[PDB]
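Below is one structure, written out as structure tokens; comments come after it.
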Amino acid sequence: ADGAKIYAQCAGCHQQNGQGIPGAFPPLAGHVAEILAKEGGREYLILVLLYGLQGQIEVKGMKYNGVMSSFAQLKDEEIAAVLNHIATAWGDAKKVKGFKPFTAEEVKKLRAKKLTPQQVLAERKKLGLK
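When we follow the entry's author numbering, the leftmost residue of the sequence shown carries the number 2, and every step to the right adds one.
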């Protein structure tokens, strides 16, 4: 799976440069590292892609109160690949100490327990994120 091409096909919101849109679509560039630095952060990123997200969240001190759809129609390998793209395309993995690329089995195991977007928000909060 080619994570750059997959993301390109879903880049209308976070944008091709990953920097998002103020107020509307949170940035990925520079912010994936913040999530990865949390214990449970890797898993959280997979949950967002499999199950979507909703609710008020803060990113870089800015408020977002949107909705993101589930992308479970992506295969395990393809979700892995797009998460490696957003983890590496803008240098985020270069922060977190020693990064292991996302793998199909990580996605498979989370797909085995379907969550709602509201529960994904709950998981975000469990990371200590506001």
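Here a beta-carbon is modelled for each residue, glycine too, at the ideal position from N, C-alpha and C.
Under the 10 Å beta carbon count, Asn85 is surrounded by 16 or more other beta carbons and is classified as buried. Across the structure, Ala113 and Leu48 are spaced so that their CA atoms are roughly 11 angstroms apart. Secondary structure in the stretch 58 to 93: the beta strand (DSSP E) runs of 3 residues or longer, each lying completely within the stretch, are 63 to 69 in chain order. Beta-bridge partners of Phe26 (DSSP): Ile22.
Of the other Cβ atoms in all chains shown, 16 or more fall within 10 Å of the Cβ of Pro27; this residue is therefore buried. Per DSSP, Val33 is one residue of the alpha helix (DSSP H) stretching across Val33 to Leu37. A straight line joining the alpha-carbon of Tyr45 with that of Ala2 spans about 21 angstroms. In the same chain as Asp93, and ignoring 5 residues on each side of it, the C-beta atoms closer than 6 angstroms to its own belong to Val33 and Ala34, in chain order.
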